[PDB]
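Colleague: Once you've seen the sequence and the experimental structure below, I've got questions.
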Amino acid sequence: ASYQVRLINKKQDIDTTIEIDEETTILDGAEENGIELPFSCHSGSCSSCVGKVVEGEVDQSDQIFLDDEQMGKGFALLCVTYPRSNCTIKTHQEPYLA
Ligand code: FES
């Protein structure tokens, strides 16, 4: 199945919805759609690609960096997050990552 993922970031002037397969990570999907999101490790051990899930469910079980509390507030490491429903995500949340 494919899901619609809305990406938001005012500063970067981004507010677009993309359609991606459920086996595609949020970051890869954005990249193939011309949306350049930050990343470093691409392996789940850094804060570079962090986003915040505003609405919807995702799977980021391969992540390592974030803790339960962070995850609970909706933060997700986009390089290892797959959509489980249509969702809305704010990008570039690294500075806000407490
Ligand atoms: S780029 Fe490092 S965790 Fe995603």
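Modeller: Ah, there it is. Numbering: from 1, shown residues only.
Colleague: Grab the nearest non-local neighbour of residue 24.
Modeller: residue 82 (7.1 Å; C-beta to C-beta, 6 or more residues apart in numbering). Every residue, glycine included, has its C-beta placed from N, CA and C.
Colleague: Which positions within the longest helix anywhere in the chain qualify as buried?
Modeller: Criterion DSSP state H: the longest helix present in the chain is helix 26-32. Across helix 26-32, burial judged by 16 or more other C-beta atoms under 10 Å covers 26-30.
Colleague: out of those, who's nearest the ligand?
Modeller: Nearest to the ligand among the buried residues of helix 26-32: residue 27, at 7.1 Å, using C-beta to the nearest ligand atom.
Colleague: Show me what from this protein comes close to the ligand.
Modeller: Applying C-beta under 6 Å from any ligand atom, one finds that the chain approaches the ligand through 39-42, 44-46, 48-49, 65, 77, 79.
Colleague: Next, the residue nearest the centre of the chain: phi, psi?
Modeller: With distances taken as C-alpha atoms, centre = their mean, residue 78 lies nearest the centre of the chain, 3.4 Å away. Dihedral pair for residue 78: phi -60, psi -30, per degrees, to the nearest 10.
Colleague: hang on, the earlier thing: name the helices or strands packed onto the longest helix of the chain?
Modeller: On a contact count with 3 or more C-beta pairs under 8 Å, 6 or more residues apart in numbering; DSSP states H and E, helix 26-32 meets strand 2-9, strand 14-21.
Colleague: got the contact list for that helix?
Modeller: 5, 7, 18, 20-21, 24, 36-37, 39, 42, 49, 51, 58, 76, 78-79, 81-83, 89, 91 (C-beta atoms under 8 Å, 6 or more residues apart in numbering).
Colleague: Then stretch 78-85?
Modeller: Defining contact as C-beta under 8 Å, 6+ apart, one finds that stretch 78-85 is touched by 3, 5, 20, 22-28, 30, 37, 39, 41-44, 48-51, 56-60, 62-63, 89, 91.
Colleague: For residue 75, list each beta-bridge partner.
Modeller: With DSSP bridges as the criterion, residue 75 is bridged to residue 52.
Colleague: Tell me how far it lies from residue 91.
Modeller: Computed with C-beta to C-beta, to the nearest Å, the distance linking residue 75 and residue 91 is 12 Å.
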